[PDB]
Amino acid sequence: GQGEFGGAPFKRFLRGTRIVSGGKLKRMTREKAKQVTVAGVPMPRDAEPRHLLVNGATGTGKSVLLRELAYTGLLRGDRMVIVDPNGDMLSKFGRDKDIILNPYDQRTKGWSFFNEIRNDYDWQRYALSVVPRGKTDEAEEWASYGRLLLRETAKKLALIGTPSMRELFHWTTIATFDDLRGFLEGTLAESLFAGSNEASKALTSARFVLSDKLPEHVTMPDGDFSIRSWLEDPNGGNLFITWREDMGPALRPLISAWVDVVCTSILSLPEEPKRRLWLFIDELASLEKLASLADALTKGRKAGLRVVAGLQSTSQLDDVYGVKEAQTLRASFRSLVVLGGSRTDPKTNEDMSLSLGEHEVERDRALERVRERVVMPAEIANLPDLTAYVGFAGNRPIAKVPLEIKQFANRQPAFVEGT
Amino acid sequence: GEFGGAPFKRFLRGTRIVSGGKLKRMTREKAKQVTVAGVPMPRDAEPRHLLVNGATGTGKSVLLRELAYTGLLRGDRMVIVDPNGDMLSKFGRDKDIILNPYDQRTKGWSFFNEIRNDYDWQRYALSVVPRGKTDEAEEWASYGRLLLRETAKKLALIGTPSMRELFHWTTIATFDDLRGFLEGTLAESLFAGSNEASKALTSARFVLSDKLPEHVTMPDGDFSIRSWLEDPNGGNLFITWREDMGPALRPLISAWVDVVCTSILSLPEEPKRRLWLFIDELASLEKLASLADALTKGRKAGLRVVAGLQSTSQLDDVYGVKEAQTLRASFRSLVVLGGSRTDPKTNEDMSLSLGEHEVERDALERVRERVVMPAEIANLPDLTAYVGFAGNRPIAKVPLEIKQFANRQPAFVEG
Amino acid sequence: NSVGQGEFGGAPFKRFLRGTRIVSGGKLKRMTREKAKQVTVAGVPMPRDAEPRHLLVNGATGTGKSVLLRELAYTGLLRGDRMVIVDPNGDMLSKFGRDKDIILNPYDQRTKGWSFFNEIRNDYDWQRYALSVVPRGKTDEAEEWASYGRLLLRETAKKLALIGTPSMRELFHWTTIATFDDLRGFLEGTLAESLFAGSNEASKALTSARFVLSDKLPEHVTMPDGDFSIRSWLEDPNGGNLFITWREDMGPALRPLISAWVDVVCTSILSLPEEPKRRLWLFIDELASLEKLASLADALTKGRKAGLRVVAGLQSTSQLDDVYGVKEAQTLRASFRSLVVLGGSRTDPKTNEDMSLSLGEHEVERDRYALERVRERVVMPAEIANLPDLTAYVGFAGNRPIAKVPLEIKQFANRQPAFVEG
Amino acid sequence: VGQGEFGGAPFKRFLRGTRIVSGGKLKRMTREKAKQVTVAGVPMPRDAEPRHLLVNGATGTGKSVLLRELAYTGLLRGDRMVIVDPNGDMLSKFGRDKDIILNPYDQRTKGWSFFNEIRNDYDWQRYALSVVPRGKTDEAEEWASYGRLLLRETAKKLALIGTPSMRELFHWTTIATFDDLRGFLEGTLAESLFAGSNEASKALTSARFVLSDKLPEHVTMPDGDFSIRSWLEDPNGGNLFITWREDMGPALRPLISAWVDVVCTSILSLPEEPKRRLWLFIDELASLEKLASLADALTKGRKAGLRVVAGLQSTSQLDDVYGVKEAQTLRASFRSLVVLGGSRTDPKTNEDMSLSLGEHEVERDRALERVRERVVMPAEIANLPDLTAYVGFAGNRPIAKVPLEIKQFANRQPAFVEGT
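Chains as they are written, first to last, in the authors' numbering: chain E, 75 to 439, 453 to 506; chain D, 77 to 438, 453 to 505; chain B, 72 to 440, 453 to 505; chain A, 74 to 439, 453 to 506.
Here it is in structure tokens:
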């Protein structure tokens with residue numbers, strides 16, 4: 075037990091979590107093939123499609139660690155989608171062949187979920203992306219009505235030839251109740267939304283849900299861009315989802331929609347043994363409760379999906395997905411990075427400490456067997472910023488390593504106001 | 077050697093851990109057996125079920141594949157909830173069955189094919205409309221089943237057991253027309269008379285509009301899962317689906333699994349019958365109405381259930397904390413492939429399930459400790475499992491072997 | 072350290088101080104052995120004074136609960152005791168059923184004819200047995216509806232009995248088939264006339280009642296009719312034993328009917344005339360499979376004068392919480408004074424900890440090679468998780484030590500067919 | 074060197090916490106000059122009487138025996154008392170000729186209706202609170218609230234028009250048509266409150282249902298002019314036995330609860346009488362409804378000389394009736410405790426009773455060691471032989487494990503006498 079373990083040195087390590095020096099770990103994870111790095115430590119190739127969760131408070135260095143991972147991944151020639159706040163990564167790594175999705179950036183592609191519909195089963199599939207899962211069981215009940223209204227109205231507008239978001243928005247939120255009812259006639263939603271006060275209530279509810287989710291889909295520049303098509307296009311570049319932060323709350327549902335689209339879509343890609351696709355989520359708890367994320371993290375190995383998500387508050391993720399599902403979600407990331415919580419959040423520091431784990435050891439007093460936290464909650468609360476604990480999936484020791492704020496030159500403007 | 081902690085002088089009580097080899101030696105029996113991570117399964121443990129708990133990528137599919145394989149080598153019949161037809165492509169024989177609305181080789185089916193007696197109506201309505209997540213959601217499901225069983229019962233009477241017609245009436249016909257159709261059935265007056273009754277009907281329509289879709293588009297036929305179970309030949313059943321269509325087929329796939337679960341309870345007394353039920357992921361299905369009884373009352377029918385579980389937290393979400401516990405407790409044998417290090421709560425849970433032991437070491455010292463620390467589970471290499479069979483048997487840390495199986499058929503064939 | 076050797080799975084000790092004492096099966100049999108004729112629990116004679124304080128048999132599936140209950144019932148029959156048995160698949164009926172015994176199973180040729188009408192003696196019996204037909208709601212709201220259902224039930228049935236037509240078919244028609252309006256008219260003249268009319272709330276209440284009754288009454292309607300009265304049967308000294316059977320593929324459908332019968336028994340014994348020598352057993356295979364009974368609790372608490380002895384199996388304490396709710400489920404379990412632990416599954420460490428705790432700890436002094456005082460579980464949760472099947476921990480009420488004893492699968496020949504299609 | 078009363082290891086010195094003493098030693102300590110009542114043979118400190126006693130124990134542990142002994146010794150002292158007496162057991166043993174009986178189905182019962190307790194105008198809500206006890210849930214209590222409004226206004230009017238009939242009250246509140254009731258209510262405070270919107274109609278409907286559940290037994294109750302308030306004030310009044318045959322417990326639950334609550338509110342109005350001593354025996358606290366006045370009676374009845382003794386078989390059941398918070402406050406209102414032990418099937422309760430008994434800090438030989459431990463382990467409570475109790479009086483008194491004696495009492499009267 076060396077100067078890597080912050081506690082008392084020991085004679086022998088019995089069981090539990092082993093802690094090693096940053097150098098030792100880099101030595102251990104170093105592999106023949108080209109690798110991406112996590113805080114200077116090469117990531118085991120087999121760990122990539124098992125995902126990485128970067129947990130740490132504000133200012134701890136999450137964006138720095140994600141920037142480095144994206145970079146080294148780019149150096150290896152990997153394709154990737156990046157939920158990029160303020161277009162930071164777009165400005166540093168954006169190539170000419172790359173895509174931009176941002177309703178207010180002039181360089182943005184034109185799109186509407188209509189562009190992702192291939193089969194009839196895709197209507198509900200993407201209605202689930204446009205209208206994410208409700209926060210509460212009741213909110214999800216409403217969302218359920220909203221999706222019905224959405225998929226039926228949209229399916230019809232597509233049939234009559236005018237797949238216009240402006241139209242869809244008019245019918246679902248502007249047309250009088252009765253006119254809407256009439257428009258619905260002939261669709262699976264005709265009768266379901268009529269006959270009782272309950273049915274009328276369900277319709278009213280659906281209207282309200284769509285009135286909240288659709289707005290930005292409307293104002294979003296039209297085009298033929300298809301995320302599904304883009305994913306299949308080998309020569310497709312990388313996708314940068316950007317937005318100015320003063321408009322985060324407004325774009326929350328559109329951005330969530332795009333992330334979810336990617337998540338469901340990869341499950342439809344043709345068997346491609348060599349494909350490697352990254353999905354960078356700056357902050358997992360800032361998006362809405364996504365419907366397909368969980369499955370993408372569990373079933374996207376065949377598609378070569380590699381998800382890297384930052385999380386500033388485990389508590390916020392519980393608020394968004396609910397406690398049970400938030401745990402299942404976090405449990406779907408096999409590799410972890412702890413940047414530490416704030417000393418104002420002892421509950422999170424304990425969680426991170428627990429996550430890192432205990433070790434059983436023998437020390438010279453004869454000999455004493457002692458179980459202890461490899462990293463105490465207090466050590467985490469006092470972690471200097473830009474310092475991280477790296478715990479890759481499987482039987483690997485953890486290591487306290489420092490993050491380096493590499494400098495990257497602006498290869499492109501982060502934002503270009505759309506006219 | 078096998079115990080990760082400090083070696084000891086004497087074992088007193090609790091969980092005994094043993095080497096993989098020693099366990100194989102202990103579990104080894106005369107009769108032909110199936111294997112769990114290479115460990116022969118005690119014959120008596122088969123009908124007491126096995127729960128394979130482990131995070132993503134820990135090797136659950138591999139373990140279930142081995143188990144199924146060895147059970148096949150023994151000539152055992154089985155039903156397999158098979159995602160992407162992986163097991164169908166490897167073990168599907170020519171006499172075997174396929175249930176998949178989008179696969180050309182699928183059998184035709186509608187729950188109507190399972191009705192023999194009058195009580196079967198509610199029995200299978202429970203399959204088509206699984207238990208609600210919440211008490212309120214189950215209240216609506218309850219109305220949905222009423223509307224379903226009464227509508228379906230009448231169609232069967234007039235001679236038109238059409239899934240298409242069922243769907244029409246339950247969700248397309250106008251409120252008033254449906255009302256008229258229901259006249260003469262037990263649901264006539266129950267759905268009329270007050271706002272509350274109208275609300276109930278509306279709720280029913282919505283439930284059925286969510287559950288029935290895939291039953292309607294399902295290629296129709298005369299195939300009966302009950303008749304299948306009785307048929308000594310029958311073959312094996314592979315319930316497949318392409319994963320990009322999982323969420324849409326969730327209710328139909330759940331319906332089939334539940335149909336099996338209730339149906340075995342009606343099978344004629346058959347002492348040597350052996351039937352396996354492989355569920356890739358228990359928490360991905362809806363809250364099944366008959367699983368629990370099937371796990372508790374299926375010994376006489378020879379039902380052997382093997383279910384994977386990636387998140388205990390997710391099962392709680394689907395069944396509720398109380399009922400999920402009862403459900404997990406219904407499996408007598410356990411396998412732990414370990415949680416992620418991002419889920420310390422689950423590692424603690426598996427550690428606790430593995431158990432403590434009281435031991436003497438060193453003026454000797456008496457100590458109680460976990461045979462397997464939560465931290466040992468979080469650092470478990472993938473394809474490594476802890477096998478804890480039912481009864482008084484020690485546990486063992488054994489490696490899983492990725493056996494290679496050649497494709498003896500195509501996983502999916504579009505219709 | 073010449074103590075704890077053999078019985079106690081932990082380290083042998085010098086002196087026992089306080090807490091739970093564990094003894095060998097042989098020694099317990101020695102200690103509970105009594106002069107009078109006794110029934111046995113896993114081969115251990117049950118203290119006579121413990122009989123009317125009830126027994127809870129807790130254990131996961133396959134642990135041997137049925138074997139234990141079978142043994143207890145058998146030894147009780149050898150002593151000539153009367154008993155009611157909730158008998159799944161008529162297993163006990165097939166082995167212990169005699170000619171003078173009764174059967175209640177709507178689909179068995181041998182069943183007696185019955186309807187709750189047969190139990191009405193006084194005016195207060197209408198609500199009393201309405202509580203049996205319509206068990207307590209799972210939730211507060213569900214119970215509110217059941218409440219409206221009992222109101223609709225007792226008033227409708229009361230009138231049918233008055234006009235001379237006590238028909239379950241007529242009762243079912245009015246309560247769930249007749250139109251809202253006709254029902255209202257039928258109710259005119261009854262206590263339910265105006266309670267179900269006048270506002271949307273009242274209409275909603277009526278609608279709710281209809282639904283409850285639509286769920287509960289079915290099997291009562293199809294139940295072969297007759298004049299058999301469980302109350303009269305209990306009072307009949309020469310009455311035999313009652314077997315409540317059903318084929319398991321029909322358990323769910325029969326749940327409310329069977330629950331009704333069990334509850335009828337529980338309320339009725341409280342009305343039995345004082346008979347100091349009366350001994351009546353109630354065997355419940357699985358307590359959590361029945362509905363939330365309205366009278367079980369009082370029967371477990373106030374039935375000693377009637378000579379009521381209840382033996383209930385329980386596979387999941389969690390399932391019981393789900394049926395009765397956590398508070399009431401605890402109170403219910405606490406109503407049984409003697410306990411048997413057949414051990415949970417290793418997949419359920421929470422129940423094993425529960426069972427371990429229930430068995431209790433002991434404080435003991437041990438030689439360190453200078454004495455050490457230590458508190459510990461007599462039985463570790465892990466010991467319960469590794470308990471071989473057909474093994475039980477018997478803990479009788481009062482100051483009795485516990486013992487780890489094996490269950491013997493005694494063989495009984497079929498003295499009658501389990502089920503006879505009707 | 075710690076002695077035979079503490080079940081654990083003997084110790085050198087006692088430092089702090091709960092002291093356990095032998096039964097004999099405690100009797101010696103609590104023994105007083107004045108005449109006393111006994112708890113499991115232990116004389117009860119006179120100052121502990123008006124601070125109440127809670128007898129906690131599973132079924133068959135001996136609660137009824139203990140309460141019977143207490144009542145008996147209280148009678149020997151000439152104390153007046155109200156007894157919630159199941160099956161008339163105590164009535165049959167201690168019932169004198171001058172005593173009162175309240176039981177709708179016993180021929181010896183007095184005639185009564187809550188109308189008999191109304192003196193002032195504020196008594197209408199006061200006793201409506203007795204007839205319609207607190208709701209189990211916040212919503213149930215909202216309905217109960219509407220029920221009390223309907224009850225007090227309807228009853229107030231019937232009293233005015235001269236026909237204070239329970240049958241009339243019941244007709245209007247649950248039989249008359251919605252509209253007729255509305256008309257009857259015109260002119261009362263409830264006229265407009267129950268009209269004007271769907272919400273108002275819903276409230277009225279709710280009230281009807283509540284009353285339909287609570288009033289039945291009040292209607293069938295033999296009428297008479299007996300007043301519990303007047304009885305309490307009557308010096309020469311005897312004792313009151315509230316009896317019922319157990320097969321009718323559920324049906325009588327609301328009526329019996331009403332009577333118990335009537336007593337609880339009523340003593341708060343009794344004239345200042347320094348020498349008054351009145352006992353209230355409740356066989357099982359959690360079997361009654363959620364009483365509205367019990368709490369105040371336990372807290373403000375010392376001036377009236379109220380002494381409450383209540384049995385409690387399940388603390389969990391009391392939580393169910395009163396709610397966890399209020400149930401705790403209620404139990405905390407009893408200053409003296411008796412533990413007869415839980416069942417071994419209820420380790421949670423045994424831990425509760427163990428904790429209640431408390432720990433002690435002690436010094437033992439084994453250099454000396456300071457140790458904190460439970461005076462009574464949860465396991466000792468689970469193995470407690472029946473008819474054995476731990477007595478812990480209020481204040482700074484040690485506890486003691488004492489056995490209960492099943493004294494025999496001869497039937498001085500029939501327990502029940504079929505009405506009519």
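Heads up, the beta-carbon is just placed ideally off N, CA and C, and yes, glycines get one too.
Could you name the residues of chain D that E/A217 contacts, counting a contact when the two beta carbons are closer than 9 Å?
Start at 1 with the first residue of the first sequence, and residue 217 of chain E comes out as number 143. What E/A217 touches in chain D: nothing, since even the nearest Cβ is about 13 Å away.
Across which residues does DSSP place B/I174 in a beta bridge pair?
For the purposes of this step, residue 174 of chain B is taken as residue 103 along the third sequence, with counting starting at 1. DSSP output for B/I174 lists B/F314 as bridge partner(s).
Among A/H125, A/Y145, A/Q198 and A/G81, which one has its Cα closest to the Cα of A/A496?
Your numbering for residue 496 of chain A matches position 410 in the fourth sequence. When each option's Cα is compared against that of A/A496, the closest is A/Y145.
Our contact map puts A/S218 next to B/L266 with C-beta atoms below 8 Å; I'd like the distance itself, whole angstroms only.
For the purposes of this step, residue 218 of chain A is taken as the residue at position 145 of the fourth sequence. For the purposes of this step, residue 266 of chain B is taken as the residue at position 195 of the third sequence. Rounded, the Cβ-Cβ distance is 19 Å, inconsistent with contact.
By the DSSP assignment, the alpha helix (DSSP H) with B/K100 in it spans what residues?
One-based indexing of the third sequence puts residue 100 of chain B at position 29. Residues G96 to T103.
Would you verify that the beta carbon of B/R281 is, or is not, closer than 8 Å to some beta carbon of chain D?
Mapped onto the third sequence, residue 281 of chain B falls at position 210. It does; some Cβ of chain D falls within 8 Å.
Any contact of the region 130-150 of chain E with the region 384-395 of chain E, i.e. 3+ C-beta pairs under 8 Å?
yes
Step through the CB atoms of chain D and report whether any lies within less than 8 Å of the CB of E/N482.
Your numbering for residue 482 of chain E matches position 395 in the first sequence. E/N482 counts as touching chain D.
Kindly identify the DSSP beta-bridge partner or partners of A/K183.
Counted from its first residue, the fourth sequence places residue 183 of chain A at position 110. In the DSSP output, where bridge partners are listed per residue, A/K183 has none listed.
Report the start-end ranges of each beta strand (DSSP E) in the region 271-314 of chain E that is 3 residues or longer and not cut off at the edges.
none
Which one of B/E432, B/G161 and B/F167 has the shortest CA to CA distance from B/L148?
By 1-based counting over the third sequence, the position of residue 148 of chain B is 77. B/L148 has its Cα closest to that of B/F167, out of B/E432, B/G161 and B/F167.
When Cβ atoms are compared, which residues of the region 381-395 of chain B fall closer than 8 Å to chain D?
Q386, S387, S389, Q390, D392 and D393
In whole angstroms, what is the alpha-carbon distance linking E/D172 and E/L126?
The residue you call residue 172 of chain E lines up with position 98 of the first sequence. The residue you call residue 126 of chain E lines up with position 52 of the first sequence. Approximately 24 Å between the Cα atoms of the pair.
Under 8 Å between beta-carbons, which chain B residues line up against D/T91? List them in chain order, please.
One-based indexing of the second sequence puts residue 91 of chain D at position 15. Correct list: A465, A468 and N469.
Would you tell me roughly how many angstroms separate the C-alpha atoms of A/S342 and A/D307, rounded to the nearest one?
Reading the fourth sequence from its first residue, position 269 is the one you call residue 342 of chain A. Reading the fourth sequence from its first residue, position 234 is the one you call residue 307 of chain A. Distance between A/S342 and A/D307, taken at the CA atoms: about 14 Å.
One question on the structure: do D/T293 and D/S203 come within less than 8 Å of each other, judged by their Cβ atoms?
Within the second sequence, the letter at position 217 stands for residue 293 of chain D. Within the second sequence, the letter at position 127 stands for residue 203 of chain D. No, the pair does not count as a contact, with Cβ atoms beyond the cut-off.
Buried or exposed for D/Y395, going by 16 or more other Cβ atoms inside 10 Å?
Locating residue 395 of chain D in the second sequence gives position 319, where the first residue counts as 1. D/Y395 is buried by the Cβ-count criterion.
Under the three-state reduction of DSSP, which class applies to E/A217: helix, strand or coil?
On the first sequence, position 143 is the one that residue 217 of chain E refers to. Here E/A217 sits in helix by DSSP.
Considering only their Cβ atoms, is the gap separating E/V461 from E/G481 smaller than 8 Å?
Working through the first sequence from its first residue, we reach residue 481 of chain E at position 394. Working through the first sequence from its first residue, we reach residue 461 of chain E at position 374. The answer is no: Cβ separation not under 8 Å.
With DSSP run on the structure shown, which of helix, strand or coil describes E/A453?
Start at 1 with the first residue of the first sequence, and residue 453 of chain E comes out as number 366. It is coil, neither helix nor strand.
Output the distance between the C-alpha atoms of E/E491 and E/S416, rounded to the nearest integer angstrom.
By one-based count along the first sequence, residue 491 of chain E stands at place 404. By one-based count along the first sequence, residue 416 of chain E stands at place 342. So the alpha carbons of these two residues sit roughly 21 Å apart.
If we count Cβ pairs, one from each stretch, closer than 8 Å, do we get three or more for the region 135-145 of chain E versus the region 352-365 of chain E?
yes
To which residues of the same chain is B/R483 closer than 8 Å at the C-beta, ignoring the five residues directly before and after it?
Position 400 of the third sequence, counting from 1, holds the residue named residue 483 of chain B. Here the set comprises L99, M102, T103 and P118.
State the DSSP-derived secondary structure class of E/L428, mapped to helix, strand or coil.
Counted from its first residue, the first sequence places residue 428 of chain E at position 354. Helix.
List the residues of chain D whose Cβ lies closer than 7 Å to the Cβ of B/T418, in chain order.
Along the third sequence, one-based indexing puts residue 418 of chain B at 347. Contact annotation for B/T418 against chain D: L127, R404, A405, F407, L410 and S429 [CB-CB distance below 7 Å, chain order].
Confirm, please, whether the CB-CB distance from A/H291 to A/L258 is below 8 Å.
Position 185 of the fourth sequence, counted from the first residue, corresponds to residue 258 of chain A. Position 218 of the fourth sequence, counted from the first residue, corresponds to residue 291 of chain A. The Cβ atoms of A/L258 and A/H291 do not sit closer than 8 Å to each other.
Would you say B/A268 reaches chain A, if we count a Cβ-Cβ gap shorter than 8 Å as a contact?
Taking the third sequence and counting its residues from 1, the one referred to as residue 268 of chain B is at position 197. Yes, its Cβ sits closer than 8 Å to a Cβ of chain A.
Note down the Cα distance separating E/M239 from D/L288, rounded to an integer number of angstroms.
Looking up residue 239 of chain E in the first sequence gives position 165. Looking up residue 288 of chain D in the second sequence gives position 212. Near 29 Å, if we compare the C-alpha coordinates of D/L288 and E/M239.
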